[PDB]
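PDB author numbering numbers the first residue of the sequence shown as 1796 and each following residue consecutively. We put the CB at the ideal spot given by N, CA and C, even for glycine. Encoded as C-alpha cells, the structure appears first; notes follow it.
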Amino acid sequence: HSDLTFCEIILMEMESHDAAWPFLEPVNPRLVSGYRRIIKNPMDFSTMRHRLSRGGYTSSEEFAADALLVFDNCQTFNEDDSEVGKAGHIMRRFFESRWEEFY
Ligand SMILES: Cc1[nH]c(-c2csc(N=C(N)N)n2)c2c1C(=O)CCC2
Ligand SMILES: Cc1[nH]c(-c2csc(N=C(N)N)n2)c2c1C(=O)CCC2
Ligand SMILES: [Mg+2]
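What follows is the structure, given as C-alpha cells:
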C-alpha cells in the first residue's frame, strides 16, 4: 500500500507542476508529423492516472517505468532546446528528485 500511496503523491505533484503542460494528455499524432513512426510506446500523465485509478500498478517500479517512459519519449522526439524538450527535462529532474527522496 505504502508503495502506491507515494505514487499518488508524486503523480499529483507532477500533474500540478508548471512544466507538466506537454504531458497531461496523450500526444495527438494527427497534429505531430512523424510521432507515430518514431514513438513506439506513448505515455502521458493522464494514462498513468487512469491506470493508477484502476489499481493497474502492481508495484511502485511499474509506476516509475511509465514515468520514465514519458521522459524517454520526450527526449527521443524533441530537441533538448525545444519548448517541449526543456519542459521534459524539468519534469524528468523533478520526478527523479522526488522518487529518490522516497526510496
Ligand atoms: C510530449 C508532447 N506534448 C506535446 C504537446 C502538448 S500540447 C502542445 N502544443 C503545442 N506544441 N503548441 N504540444 C508535444 C509532445 C511531443 O513530444 C512532440 C510535440 C508536441
Ligand atoms: C502544432 C500543434 N500541435 C499541438 C498538439 C500536439 S499534441 C497535442 N495534445 C493533444 N491534442 N491532446 N496538441 C497543438 C498545436 C497547435 O498549433 C495548437 C493546438 C495544440
Ligand atoms: Mg541521478
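Can you give the Cα-Cα distance for residue i and residue j, rounded to whole angstroms?
i: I1805; j: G1829; result: 31 Å
i: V1822; j: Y1898; result: 30 Å
i: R1888; j: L1863; result: 11 Å
Select from the options the residue whose C-alpha is nearest the C-alpha of residue i.
i: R1831; options: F1872, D1867, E1810; result: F1872
i: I1885; options: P1821, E1808, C1802, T1800; result: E1808
i: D1839; options: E1820, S1854, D1876, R1825; result: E1820
i: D1861; options: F1890, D1876, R1825; result: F1890
i: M1843; options: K1835, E1857, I1833, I1834; result: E1857
i: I1833; options: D1876, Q1870, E1878; result: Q1870
i: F1818; options: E1878, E1896, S1892; result: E1878
i: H1796; options: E1896, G1850, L1826, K1835; result: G1850
i: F1801; options: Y1852, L1826, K1835, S1841; result: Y1852
Return the Cβ separation of residue i and residue j in integer angstroms, given the expectation that the two are a contact with Cβ distance under 8 Å.
i: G1880; j: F1866; result: So it is not a contact: roughly 10 Å between Cβ atoms.
i: residue 1899; j: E1810; result: Look at the range of the chain in this structure, 1796 to 1898, and you will see that residue 1899 is not part of it.
i: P1824; j: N1868; result: Wrong, their Cβ atoms sit about 12 Å apart, outside the cutoff.
i: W1894; j: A1859; result: 6 Å
i: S1855; j: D1798; result: 4 Å
Original post:
In chain order, what residues have a CB nearer than 7 Å to some heavy atom of ligand 2?
Top reply: Those residues are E1820, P1821, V1822, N1823, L1826, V1827, given in chain order.
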